[PDB]
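Some notes on the structure that comes next.
Protein chains: 4
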Amino acid sequence: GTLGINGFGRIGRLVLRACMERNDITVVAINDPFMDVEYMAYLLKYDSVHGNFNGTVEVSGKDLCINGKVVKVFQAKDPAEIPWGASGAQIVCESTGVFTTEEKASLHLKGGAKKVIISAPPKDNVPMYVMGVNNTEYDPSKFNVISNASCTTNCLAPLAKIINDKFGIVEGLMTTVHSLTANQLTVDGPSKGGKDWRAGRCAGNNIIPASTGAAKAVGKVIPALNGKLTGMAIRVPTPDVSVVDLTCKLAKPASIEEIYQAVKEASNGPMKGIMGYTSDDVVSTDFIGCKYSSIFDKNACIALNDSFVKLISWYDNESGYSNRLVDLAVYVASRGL
Amino acid sequence: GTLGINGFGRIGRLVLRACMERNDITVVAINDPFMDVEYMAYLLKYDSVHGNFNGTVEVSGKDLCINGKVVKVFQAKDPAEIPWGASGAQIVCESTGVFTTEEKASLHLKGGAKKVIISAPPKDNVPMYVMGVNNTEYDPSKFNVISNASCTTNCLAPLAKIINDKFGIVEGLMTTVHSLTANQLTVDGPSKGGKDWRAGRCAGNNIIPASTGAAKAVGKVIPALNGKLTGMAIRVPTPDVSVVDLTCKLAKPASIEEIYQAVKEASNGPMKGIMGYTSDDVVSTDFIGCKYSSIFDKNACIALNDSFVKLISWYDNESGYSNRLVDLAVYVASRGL
Amino acid sequence: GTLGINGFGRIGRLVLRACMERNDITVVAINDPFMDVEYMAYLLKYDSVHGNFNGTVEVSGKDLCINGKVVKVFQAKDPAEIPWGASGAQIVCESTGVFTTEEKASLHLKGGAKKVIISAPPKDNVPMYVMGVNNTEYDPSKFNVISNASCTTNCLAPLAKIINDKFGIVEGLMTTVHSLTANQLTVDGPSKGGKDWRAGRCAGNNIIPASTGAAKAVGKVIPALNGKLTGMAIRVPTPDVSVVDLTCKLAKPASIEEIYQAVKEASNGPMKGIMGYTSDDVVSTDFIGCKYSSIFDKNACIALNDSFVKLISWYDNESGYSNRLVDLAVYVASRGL
Amino acid sequence: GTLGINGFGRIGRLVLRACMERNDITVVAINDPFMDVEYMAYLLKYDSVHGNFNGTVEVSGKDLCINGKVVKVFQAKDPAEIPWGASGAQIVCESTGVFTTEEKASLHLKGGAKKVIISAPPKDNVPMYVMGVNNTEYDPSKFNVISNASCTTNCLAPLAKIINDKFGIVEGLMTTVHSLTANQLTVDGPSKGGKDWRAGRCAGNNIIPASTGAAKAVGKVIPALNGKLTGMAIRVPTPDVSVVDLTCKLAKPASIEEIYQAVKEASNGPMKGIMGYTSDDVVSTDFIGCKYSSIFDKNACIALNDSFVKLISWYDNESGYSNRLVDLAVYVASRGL
Ligand SMILES: NC(=O)c1ccc[n+]([C@@H]2O[C@H](COP(=O)([O-])OP(=O)(O)OC[C@H]3O[C@@H](n4cnc5c(N)ncnc54)[C@H](O)[C@@H]3O)[C@@H](O)[C@H]2O)c1
Ligand SMILES: NC(=O)c1ccc[n+]([C@@H]2O[C@H](COP(=O)([O-])OP(=O)(O)OC[C@H]3O[C@@H](n4cnc5c(N)ncnc54)[C@H](O)[C@@H]3O)[C@@H](O)[C@H]2O)c1
Ligand SMILES: NC(=O)c1ccc[n+]([C@@H]2O[C@H](COP(=O)([O-])OP(=O)(O)OC[C@H]3O[C@@H](n4cnc5c(N)ncnc54)[C@H](O)[C@@H]3O)[C@@H](O)[C@H]2O)c1
Ligand SMILES: NC(=O)c1ccc[n+]([C@@H]2O[C@H](COP(=O)([O-])OP(=O)(O)OC[C@H]3O[C@@H](n4cnc5c(N)ncnc54)[C@H](O)[C@@H]3O)[C@@H](O)[C@H]2O)c1
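Protein chains in written order, with the authors' numbering: chain A, 18 to 354; chain B, 18 to 354; chain C, 18 to 354; chain D, 18 to 354.
As structure tokens, this is what we get:
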């Protein structure tokens with residue numbers, strides 16, 4: 018099982034770091050036109066959130082040598098031009114943020130990639146898989162280009178699945194309090210695209226409302242919840258770790274204690290490694306580098322009555338997501354190509 | 018109408034700044050044992066959020082001279098010892114955070130104060146008034162010690178009143194994304210009281226869940242909503258301005274447009290000066306120094322269906338609250354003593 | 018005296034805000050291709066540091082109406098294409114950051130501008146004027162394109178002039194602790210140009226060393242100090258206000274008290290409005306919106322001996338600079354064209 | 018070699034974490050009256066800078082069990098009352114910040130401690146040792162109570178020793194750009210002691226000048242430099258890692274390259290483990306958890322001429338200092354008692 022990364026950004030670099038921990042997938046090629054091999058080596062070795070790379074990075078010459086293993090480096094604007102097949106890359110992690118359609122992401126298959134995982138929710142009807150929710154619905158004969166959804170969908174959908182299966186979600190509304198991202202700016206200025214005028218405001222001293230499609234995305238991943246969730250985000254100045262705040266009306270009565278046991282039962286059985294739980298007095302920094310998709314915080318939750326609850330789940334939007342994308346690439350490899 | 022301030026902290030100092038804008042109430046005495054007159058002058062003249070004091074501050078000698086008017090200064094630990102009557106202070110703004118019972122705050126009446134406004138939700142059954150919600154229920158013959166509730170209750174209760182009167186709230190759950198406060202710490206350490214273990218975590222790099230009684234407080238201020246709201250807070254690193262995120266099931270169908278008109282109608286009529294609205298792409302810094310209790314953000318709100326909505330309202334937790342406390346002191350003066 | 022702004026960024030917008038306070042210069046046209054008239058109106062009305070615009074902004078139709086006065090708006094990538102003469106703009110404030118040569122900035126004169134002020138230190142030998150230092154050396158018959166230097170050069174050169182004239186600078190080394198800027202990124206990523214690899218690291222949680230040419234620039238503005246100063250910057254997460262820390266060996270003995278009087282004498286005479294001083298326990302937020310170039314902080318300075326001193330001067334890098342650029346445009350207008 | 022910790026704050030807790038990495042010293046007792054055993058366990062297991070404790074923490078019952086080893090816990094205000102001898106603690110790390118005299122810190126010897134290390138510069142003439150500078154001057158027959166100096170003195174004195182021995186320091190002035198500390202406040206308020214009025218200003222949005230005695234302290238640790246250094250600090254909002262900026266006139270000519278080799282030679286020989294160096298484009302976050310006292314940043318330094326240089330050295334003020342205090346406790350144990 019071999020992996021190519023297009024776009025060596027926050028997700029592309031932490032996907033690389035996650036594979037270097039992992040014995041059943043290897044990164045064999047990277048493409049990023051806005052950094053040479055030496056700048057790629059620097060942004061890999063040093064991270065302002067995730068700390069110094071655990072291992073060795075050197076430049077061998079238009080290639081990286083990461084823990085002693087050769088990683089071919091490319092600088093191609095066009096996906097059709099990256100020689101993925103020559104490099105021996107079977108799956109491409111597409112993490113540029115700018116090839117989020119089947120039309121655009123399928124051009125990677127001309128380079129000789131077998132499968133493409135988009136690291137984003139798609140602009141079209143590319144199927145989204147979330148690990149431990151609907152990843153086993155994946156059909157290798159039907160799709161070559163798939164999406165791993167967003168950080169937030171990977172947080173919310175495991176929690177929503179547990180809740181819906183055990184109690185039933187009638188109606189739900191999510192807020193995500195979300196750490197800041199590359200789309201935001203250090204000082205007030207024109208947003209790229211003049212599209213989210215608010216995203217362009219000084220990131221470090223503002224609470225910034227954002228639209229997110231994450232909650233409607235849970236309706237694709239869990240069709241039972243189609244039209245039962247919507248949601249909004251609030252961007253805050255912290256550098257990493259985000260929190261989903263899911264308000265739902267339940268079809269059956271459930272105490273927070275009953276919900277906590279339902280979560281604990283799934284975390285210790287079918288969603289081992291994806292869903293986690295805590296009863297500790299935790300704060301966002303406590304999950305930097307957490308590999309779980311979703312950590313249910315028992316003591317932060319509040320119920321109005323047995324039927325109407327607000328549930329709090331943490332997620333490392335950088336590190337948790339990247340582990341899931343590597344999980345899905347391992348899973349997709351096991352199903353053939 | 019004359020005002021004494023006990024506790025020259027964030028609320029005590031901005032109450033002073035609000036009165037200096039105001040022609041129908043004057044601050045005549047301050048008490049704070051943890052700052053001398055010269056340090057009081059400094060913390061008044063300079064503010065990291067609210068900017069340089071608009072006017073003159075000098076030390077005349079154990080007294081302040083603020084815009085040319087003498088303000089007597091005291092350094093008394095015990096409220097029974099502050100000579101409020103001698104200084105000519107009729108109302109005491111009690112903003113220490115440590116005399117939030119009738120038992121403790123009534124000791125100010127021994128000093129010759131006529132009325133006490135607690136600048137906090139009380140630990141006992143002191144009545145809470147919120148301006149433009151239930152302030153006209155105040156009976157001067159029945160209470161000498163009253164509370165102005167919290168910043169958050171002053172944000173949520175005007176919005177909840179508008180919504181409940183027009184559509185009816187069945188059930189509601191609030192999240193407040195709240196700017197950081199004096200209870201928090203710059204670095205991880207023992208909380209004062211070892212009570213909110215999470216509040217003691219490094220304030221500047223963490224998202225910190227908090228308990229808040231603000232939403233249950235709306236059930237005292239609006240008895241129709243007793244038991245219909247609860248709520249939680251999330252402390253974030255921004256220095257000022259907070260946002261209430263009210264998820265409610267409504268008894269009547271309402272679009273966000275219908276809710277926006279209901280808010281606009283109340284902001285331009287009975288809640289002039291308390292409730293505001295915006296359709297601009299606003300972010301938290303845009304309300305620093307806003308005197309409104311609550312600014313409804315039309316474009317941040319989201320409805321799941323005609324009956325289940327999430328509403329977003331901003332509030333300057335420092336400046337908006339302080340104006341309301343000065344409003345209530347003016348109102349309480351007009352009712353006698 | 019009329020002013021056109023090319024580049025409606027942090028400096029372009031605060032130059033506009035400074036002129037709206039000012040009765041002897043008017044902004045008559047703006048050019049920015051990366052924002053339409055409606056987005057320009059938004060970024061003008063709302064500021065995360067400088068607060069809500071003091072006055073009215075509306076869109077009249079591909080034009081702004083700012084405090085009731087028409088400001089023509091353009092969206093041209095090429096300076097040769099902006100019709101400055103048609104709009105009646107005599108001086109162009111060139112604040113894009115990308116036309117910092119005479120070759121590139123002189124193309125504005127094809128549009129019918131008479132004079133160009135670059136809002137940056139130049140990449141070539143365009144002359145730099147600093148107000149109250151060497152602005153009277155300006156020869157209108159010799160130069161049409163001039164530079165206003167940097168924020169830091171405007172802080173350091175008034176202080177260096179006072180010190181050098183009174184005591185004599187033998188050798189000096191500057192550090193500027195500098196608030197974050199549009200060149201920085203919210204999260205770790207490729208710098209624009211792959212040039213300052215460090216500038217591309219997460220701005221909000223890092224102390225970031227930077228190169229600055231500000232101190233060598235003081236050697237152009239004050240030729241007596243050519244080769245006597247160099248300097249470096251440290252970027253820190255605060256949103257605005259910077260501090261120059263000038264370590265100098267002096268040719269004559271001077272106590273900090275003697276230096277404080279020298280500064281006070283110049284602030285109250287020849288550098289009225291440019292150089293300021295404080296003996297208060299000030300912190301960076303206390304100078305947000307300060308119009309001075311340089312505020313000498315007496316109590317932060319330290320001398321090793323009568324000859325070797327470290328001097329601390331604050332500056333609002335956004336607001337102070339923008340006032341100086343408007344000052345220089347008023348001055349340049351008074352000298353002819 | 019056994020260690021007791023008085024004061025389980027940032028330094029007390031990271032001293033514990035450093036010993037748990039270390040095979041030649043064991044923490045056997047902790048005293049902190051402002052946290053019970055359960056709150057001590059929480060503040061040990063979770064850290065907003067240093068991440069989750071690497072190992073196990075449980076409460077056995079008024080005792081901790083840390084990686085399976087019993088650590089006795091006390092809650093005594095008075096040092097004379099802590100039974101250090103009963104617990105088997107030979108050295109006491111005194112890290113409260115409030116027993117920084119021989120008079121006060123010697124009361125720990127009544128509890129049956131043999132030696133006391135103050136984790137601070139002393140208010141009196143307690144001797145200061147810095148590891149790899151003057152620690153071998155320590156005489157166990159002459160002193161039972163010693164100081165490990167400050168974080169900054171441990172950064173500056175190794176660098177100053179290398180520079181002075183090789184080139185000679187004529188005169189030097191230090192600035193430290195310093196991460197925020199427990200003395201600072203989240204919002205503007207009275208400083209504890211009304212002493213550093215500036216330290217009491219909102220920590221997260223301000224650049225705050227501070228006095229530091231660190232540079233004069235280098236004159237005790239290196240008597241050759243008595244009266245040759247002074248220095249000041251600037252507190253900035255970052256949560257950890259600080260940078261010393263040493264401007265010195267040298268007695269011999271030295272290029273930054275010659276200084277870099279002098280540092281490299283000492284880092285790889287006599288100051289192995291204390292002094293480090295980097296030529297990478299590093300930023301403060303890159304040294305979180307660095308165990309070095311001082312990391313010389315070649316590419317951030319600047320020389321005016323061969324004789325007058327500004328040198329930049331990083332230090333983790335929390336983690337680097339704590340390792341040095343554990344180093345000194347190991348060293349002091351090896352010399353007898
Ligand atoms: N960071 C998060 O919290 C997060 C979490 C989940 C998903 N995502 C998604 O992942 C994607 C990337 O996010 P990010 O945070 O890493 O952003 P980023 O800006 O840090 O990374 C994008 C990278 O792609 C590169 N790139 C741009 N155009 C390219 C091209 N034509 N070919 C190759 N490389 C190109 C850029 O140079 C950059 O390094 C987005 O779709 C985003 O929505 C981000
Ligand atoms: N800041 C906010 O956002 C906010 C908003 C609404 C209400 N409040 C409430 O207002 C109160 C004060 O809040 P704050 O933010 O100003 O806190 P703060 O810590 O800034 O102010 C409290 C002040 O009281 C002084 N004080 C303490 N003990 C005293 C005594 N015995 N006598 C006199 N003065 C004494 C302290 O020195 C300090 O200056 C609290 O009850 C708080 O919950 C705060
Ligand atoms: N902010 C500071 O502290 C500061 C202080 C002094 C000087 N400066 C200098 O001023 C300049 C601008 O700085 P800033 O902080 O405002 O940056 P900014 O990024 O906020 O502003 C630059 C603006 O120019 C626009 N622009 C880009 N290309 C253009 C083009 N071809 N035509 C017209 N407009 C174009 C951009 O859209 C943007 O709005 C730089 O040279 C900078 O070094 C900045
Ligand atoms: N954090 C740094 O960067 C740094 C670096 C080097 C040295 N220091 C020094 O170390 C000392 C502690 O610093 P810190 O940052 O850990 O501060 P801190 O406030 O985090 O820790 C002090 C601890 O001492 C406890 N304490 C107070 N009174 C006590 C008493 N009578 N008995 C026992 N415990 C008591 C407090 O509860 C607290 O947990 C200070 O002298 C400081 O100057 C700090």
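Virtual Cβ for every residue (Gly too), placed ideally from N, Cα, C.
* Asked: How many Å lie between A:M288 and A:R34 at the Cα?
  -> As a first step, residue 288 of chain A is located in the first sequence; it is residue number 271 there, counting from the start. As a first step, residue 34 of chain A is located in the first sequence; it is residue number 17 there, counting from the start. Using only the alpha carbons, I get a separation of about 23 Å.
* Name the chain C residues that come within less than 7 Å of D:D262, Cβ to Cβ? -> The residue labelled residue 262 of chain D in the question sits at position 245 within the fourth sequence. Around D:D262, the beta-carbon contacts reaching into chain C at under 7 Å are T192.
* Asked: Say the cut is 7 Å; is the CB of B:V115 nearer than that to a heavy atom of ligand 2?
  -> Numbered from 1 along the second sequence, position 98 holds the residue referred to as residue 115 of chain B. It does: the Cβ of B:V115 is within 7 Å (strictly closer) of some heavy atom of ligand 2.
* **From A:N84, A:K266, A:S65, A:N322, residue whose alpha carbon lies closest to that of A:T73** => Numbered from 1 along the first sequence, position 56 holds the residue referred to as residue 73 of chain A. The shortest C-alpha separation from A:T73 is found at A:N84.
* Going along the chain, which residues of the segment 225-248 of chain D sit with their C-beta nearer than 9 Å to a C-beta in chain B? -> none
* Proximal residues, the segment 43-70 of chain D versus chain A, C-beta separation under 9 Å -> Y59, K62, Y63, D64, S65, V66, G68, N69
* Asked: Using 8 Å as the Cβ pair cut-off and three pairs as the minimum, do the segment 248-263 of chain A and the segment 287-306 of chain A touch?
  -> yes
* Assigned secondary structure, A:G236 (DSSP; H/G/I helix, E/B strand, else coil) -> Within the first sequence, the letter at position 219 stands for residue 236 of chain A. Looking at A:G236 - three-state DSSP - the assignment turns out to be helix.
* Return yes when the C-beta of C:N340 is under 7 Å from any heavy atom of ligand 3, and no when it is not. => Stepping through the third sequence from its first residue, residue 340 of chain C is reached at position 323. Short note on C:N340: C-beta not closer than 7 Å to any heavy atom of ligand 3.
* Asked: When we look at the beta-carbon of C:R352 and count the other beta-carbons within 10 Å, is it buried (16 or more) or exposed?
  -> In the third sequence, residue 352 of chain C corresponds to position 335, counting from 1. Burial call: exposed.
* Asked: Which residues does DSSP pair with D:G189 in a beta bridge?
  -> Counted from its first residue, the fourth sequence places residue 189 of chain D at position 172. Looking at the DSSP assignment, D:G189 forms a beta bridge with D:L246, D:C265.
* Relative to chain A, which residues along the segment 342-354 of chain B have a C-beta separation below 8 Å, given in chain order? -> none
* Find out if the Cβ-Cβ distance for the pair C:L242, C:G236 is shorter than 8 Å. => Within the third sequence, the letter at position 225 stands for residue 242 of chain C. Within the third sequence, the letter at position 219 stands for residue 236 of chain C. Contact flag set, yes.
* Enumerate, from N- to C-terminal direction, the unbroken alpha helix (DSSP H) stretches of 4 or more residues contained entirely within the segment 138-193 of chain D. => 168-183
* Specify the secondary structure class of C:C36 as computed by DSSP and reduced to three states. => Here residue 36 of chain C refers to the residue found at position 19 of the third sequence. Three-state DSSP puts C:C36 in a helix.
* Would you say the segment 92-104 of chain C touches the segment 123-130 of chain C, given that touching needs at least three Cβ pairs under 8 Å? -> Judged by Cβ distances under 8 Å, the segment 92-104 of chain C makes contact with the segment 123-130 of chain C, as three or more pairs qualify.
* Classify C:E120 as helix, strand or coil using the three-state DSSP reduction. => The sequence position of residue 120 of chain C within the third sequence is 103, counting from 1. The answer is helix: DSSP assigns C:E120 an H, G or I state.
* beta strand (DSSP E) segment containing A:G293, residue limits -> The residue you call residue 293 of chain A lines up with position 276 of the first sequence. Element bounds for A:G293: 292-295.
* Asked: Quick one: Cα of D:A250 to Cα of B:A199, how far?
  -> Position 233 of the fourth sequence, counted from the first residue, corresponds to residue 250 of chain D. Position 182 of the second sequence, counted from the first residue, corresponds to residue 199 of chain B. So the alpha carbons of these two residues sit roughly 24 Å apart.
* Quick one: Cα of B:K140 to Cα of B:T118, how far? -> In the second sequence, the residue the question calls residue 140 of chain B occupies position 123. In the second sequence, the residue the question calls residue 118 of chain B occupies position 101. Cα to Cα, the separation comes out at about 6 Å.
* Pairwise C-alpha distance: D:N142 and D:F325 -> The residue given as residue 325 of chain D occupies position 308 in the fourth sequence. The residue given as residue 142 of chain D occupies position 125 in the fourth sequence. D:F325 and D:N142: Cα-Cα distance of roughly 33 Å.
* **Reduced DSSP category for B:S339 - H, G, I as helix; E, B as strand; rest coil** => Here residue 339 of chain B refers to the residue found at position 322 when the second sequence is read from its first residue. Of the three classes helix, strand and coil, the one that applies to B:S339 here is helix, per DSSP.
* Can you give the beta carbon distance from residue 13 of chain A to A:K86, rounded, assuming they're within the 8 Å contact cut? -> Given a span of 18 to 354 for chain A in the structure shown, any question on residue 13 of chain A remains unanswerable.
* Asked: When burial is assigned at 16 or more other CB atoms within 10 Å of the CB, is D:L345 buried or exposed?
  -> In the fourth sequence, residue 345 of chain D corresponds to position 328, counting from 1. Looking at its Cβ environment, which holds 16 or more other Cβ atoms inside 10 Å, D:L345 is buried.
* Mind checking which residues open and close the beta strand (DSSP E) that includes D:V45? => Along the fourth sequence, read from residue 1 onward, the residue named residue 45 of chain D stands at position 28. D:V45 -> beta strand (DSSP E) spans 43-48.
* Own chain partners of C:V238 with C-beta closer than 8 Å, once the 5 adjacent residues on each side are dropped -> The count along the third sequence starts at 1 and reaches residue 238 of chain C at position 221. Result list for C:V238: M145, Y146, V147, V150, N151, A166, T170, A174, in chain order.
* chain D residues whose Cβ lies nearer than 9 Å to that of A:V300 -> If you number the first sequence from 1, residue 300 of chain A lands on position 283. Here the neighbours are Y63, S65.
* **Any non-hydrogen atom of ligand 1 within 7 Å of residue 358 of chain C CB** => The question about residue 358 of chain C has no answer here: the residues shown for chain C are numbered 18 through 354.
* Asked: Within the 8 Å Cβ cut-off, does B:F325 reach chain A?
  -> Here the question's residue 325 of chain B lines up with position 308 in the second sequence. Judged by the 8 Å Cβ criterion, B:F325 is in contact with chain A.
* Should C:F304 be counted as a contact of ligand 3 given a C-beta to heavy atom distance under 7 Å? -> Working through the third sequence from its first residue, we reach residue 304 of chain C at position 287. Flag unset: Cβ of C:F304 not near ligand 3.
* Asked: Thinking just about the alpha-carbon of each residue, which of D:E120, D:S208, D:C36, D:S164 is nearest to the one in D:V347?
  -> To locate residue 347 of chain D, count along the fourth sequence from 1; it is residue 330. Checked all of D:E120, D:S208, D:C36, D:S164; the closest Cα to D:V347 is D:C36.
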